[PDB]
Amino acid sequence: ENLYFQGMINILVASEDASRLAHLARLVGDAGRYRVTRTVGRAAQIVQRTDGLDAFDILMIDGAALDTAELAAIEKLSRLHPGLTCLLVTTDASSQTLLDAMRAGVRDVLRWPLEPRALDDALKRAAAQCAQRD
């Protein structure tokens, strides 16, 4: 019941798997007019592109193999990019991973297989968290 100008929202979709990446990006593209960018990189490689990251409002990470090194990288990532909202897509809603995500700066956790209604709700919440980028 709260609309945001979707075309104004830059989403970075990150996954190691070509098929999952294409599917995640296709699902975001179906949810609204959000400007979607794809990457095959891991959170530890993404952090190294400080200027490039500044252009995004949302970072949707596929959490296939959550390691302590990647949680630390996501922590470094949300720390240096407070304007960036990190969403984690996983196949595990166990308390430990949910709490580890939160402590790494994640704002939402989405269940895989991803659901249109769930995604649209997630994106509506993340649109509300968007700040002006210069």
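Start at 1 and count along the sequence shown; that's the residue number.
Chemist: Got a sec? Mean C-alpha B-factor, which is higher, 37-45 or 87-95?
Modeler: Per the PDB entry, the higher value belongs to 87-95.
Chemist: Averaging CA B factors per stretch from the PDB record, which one is higher: 107-115 or 14-22?
Modeler: Per the PDB record, 107-115.
Chemist: Could you look up the Cα B-factor of residue 3 in the entry and say which third of the chain it sits in: lowest, middle or highest?
Modeler: As the PDB entry reports it, the C-alpha B-factor of residue 3 lands in the highest third of its chain.
Chemist: Test of reading the entry: by CA B factor among the chain's modelled residues, which third contains residue 54?
Modeler: For residue 54, the deposited C-alpha B-factor lands in the middle third.
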